[PDB]
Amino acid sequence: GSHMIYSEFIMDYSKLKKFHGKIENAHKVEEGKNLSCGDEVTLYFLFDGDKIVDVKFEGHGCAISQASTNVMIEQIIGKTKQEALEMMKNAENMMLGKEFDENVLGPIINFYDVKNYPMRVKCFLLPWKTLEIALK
């Protein structure tokens, strides 16, 4: 009745635990919060030059923010920081109704419907904006 946003894809990725945790002696730690809804995420990174070698997250939030965090990590590991930022910008364009590169986003496109729920847009965007700040 008002929970339609929660697709099978979102609920699967929300419960994924493989990227949840801390990285000891991380090269970068970045905390983000979407206090409108009450979500928090802490991203931990290892880099090798400009390559993202590993990412884990701590904290917890709604199923949209957690699903988004997990699909984000799964897609940015092994990429360069520039590539992850290009992906981020496209993820944000997708929510703002602007134009985006489907090939760049891959399975991130499964969050397309979130843009129909303007408060949950912040939930989807939290890990990505957190990533943006961290990588600059």
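Each residue number is its position in the shown sequence, starting from 1.
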Exercise. In the PDB record, does 42 to 50 or 63 to 71 carry the higher mean Cα temperature factor?
Worked result: 42 to 50
For this session: Give the stretch, out of 78 to 86 and 107 to 115, with the larger mean C-alpha temperature factor in the deposited entry.
Result: 78 to 86
Exercise. Where does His20 sit by CA temperature factor within its chain: lowest, middle or highest third?
Worked result: lowest
Seminar exercise, completed: Of the three thirds of Cα B-factor ranks in this chain, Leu131 occupies the lowest
Exercise. Taking the entry's C-alpha B-factors for this chain, is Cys37 in the lowest, middle or highest third?
Worked result: highest
For this session: State the tercile, meaning the lowest, middle or highest third, of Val55 with respect to the CA B-factors recorded for its chain.
Result: lowest
For this session: Rank-wise, by C-alpha B-factor, drop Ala91 into the lowest, middle or highest third of its chain.
Result: middle
